[PDB]
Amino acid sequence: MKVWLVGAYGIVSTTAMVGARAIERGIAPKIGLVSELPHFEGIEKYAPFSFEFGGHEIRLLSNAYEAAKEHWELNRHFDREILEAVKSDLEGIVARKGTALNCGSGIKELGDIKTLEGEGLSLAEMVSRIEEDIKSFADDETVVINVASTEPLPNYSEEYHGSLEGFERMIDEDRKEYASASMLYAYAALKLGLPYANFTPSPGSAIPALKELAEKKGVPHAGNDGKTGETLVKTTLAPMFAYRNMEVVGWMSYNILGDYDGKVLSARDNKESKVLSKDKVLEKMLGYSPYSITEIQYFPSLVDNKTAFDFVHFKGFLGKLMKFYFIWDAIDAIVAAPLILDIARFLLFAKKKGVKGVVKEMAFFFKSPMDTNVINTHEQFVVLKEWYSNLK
């Protein structure tokens, strides 16, 4: 199948790409792949484990391997043997000039940046470019996944964001104001009849406009922020107290990271996005709002080794307060990189099973699920499970 990646040079895109061909070459085991669990067997008939990549990007590199070798020097999240060996497959992957419209002043790492608006461009011609780039790559088994970096919180207007006739006029009114980059991608792909997936905390297809579109064109889309490590753990441990009819007092979340992602989440603009999702998760799991603290600080030495520090203050039986801590220590590119593949694969399956509109049974992967207030891990996982069952 073919995958069209946004921000195709990121640590997670290339972990994907390196991963996919490592397994295809029967080199790498398939650990992490949710699509490979014993409950979804048979999925190879509609979504076999075979991949073809391409996509947009705004970082100036040669191809996809030279972007993959870069992040590896910093983190080395996989042995040098798997990279050299997949060095060839990716020398042919070459991202194309994309757009970065309204994505925070937390952006600065490319002296060269004459990209979309860089070239004195219009909404119209920008959309035509992106459309023309996915178009020439896309086939019948193609999926578009946003994996670029955290954008700020755009200001929704129901005029240009609340009716496909609006957003389409927003493009004709050259309204670069309300237009965000992650909307152009979703609109691009949903337009082209391709299934879309948003791993990032950006709105993307998460607007009324770009909901009316898929549904009107029969496209099953899904997302709103990979739930890959910390938040996984909190959406898995919080209901534990609701089951034991204890009350939580305060939850503290504290995360420190330093590569391109930690780099952009530095400011309180774009960072302000993703922070939210990992905060609000808790109300909708308990039915009460404990005092919650969630912060993400820069920490250059860890690079992609996202570390997270949690403490939960909880009360039981006789009014007592008690205490629970956990430290998460992993490399984001490892817990996220399969998800990008599981997603493509469930989305391809969905497409073929006549699934259109949003896939609220894919909540399992995301921390801001569209059209659902299912946050509990084993409960999302059951819904994910009972969905497939019902379509097999």
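Heads up: residue numbers just count along the shown sequence, starting at 1.
If you average the C-alpha B-factors over 259-267 and over 306-314, the higher value belongs to 259-267. As recorded in the PDB entry, 366-374 is the stretch of 366-374 and 7-15 with the greater mean C-alpha temperature factor.
Between the residues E230, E125, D225, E141, it is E125 that shows the highest Cα B-factor in the PDB record. Taking the PDB entry at face value, the top CA B factor among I113, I93, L210, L184 belongs to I113. Per-chain ranking of the deposited C-alpha B factor places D89 in the lowest third. Among all modelled residues in its chain, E361 ranks in the lowest third by Cα B-factor. Ranked against the other modelled residues of its chain, the C-alpha B-factor of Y196 as given in the entry falls in the highest third. Split the chain's modelled residues into thirds by C-alpha temperature factor. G106 is in the highest one. When the modelled residues of the chain are ordered by their C-alpha B factor, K45 lands in the middle third.
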